[PDB]
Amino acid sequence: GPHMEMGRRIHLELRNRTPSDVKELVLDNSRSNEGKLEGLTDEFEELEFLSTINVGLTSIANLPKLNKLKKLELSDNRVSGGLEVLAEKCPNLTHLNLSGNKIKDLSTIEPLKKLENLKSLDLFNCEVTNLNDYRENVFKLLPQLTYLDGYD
């Protein structure tokens, strides 16, 4: 987004504390490193909420292990795949927001079936929401899910 580099945003949040202290981190509108996460490490052992809205993200492959992460907001980026990383890196995730990304088909979100605790998924304004029987087919793909785009 039109703000600071992501690494600089993170360093400012870490003035006078350490990564293991942080519970929530809002990196919205910072600038990713040519499409990639930067500054996030596995030292963030207590992080439960991470927001990286509008950071120009094109890949989540550099997501570190975040075993306590419950909510991940990735809205308004250009993520188009690679979602298998979440089951490896944040296996306890319960809420995922992918609204406004390049999610075009069911195959792209099929890896979310490996997130045992996933309860809520948002895909607002993604191409996949234009598929016939979109809601029905997503719930069949992701039987553990309770809410899609906020309901049923």
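In case it trips you up, residue 1 is the first one in the sequence shown, and so on.
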Discussion item. Mean CA temperature factor from the deposited coordinates, higher in 24-32 or in 43-51?
Written reply: 43-51
Worksheet item: Averaged over C-alpha atoms, is the B-factor higher for 115-123 or for 52-60 in this PDB entry?
Response: 115-123
Discussion item. Using only modelled residues of the chain, where does the Cα B factor of residue 101 rank: lowest third, middle third or highest third?
Written reply: lowest
Worksheet entry | Within-chain third of residue 68 by Cα B-factor, per the entry | middle
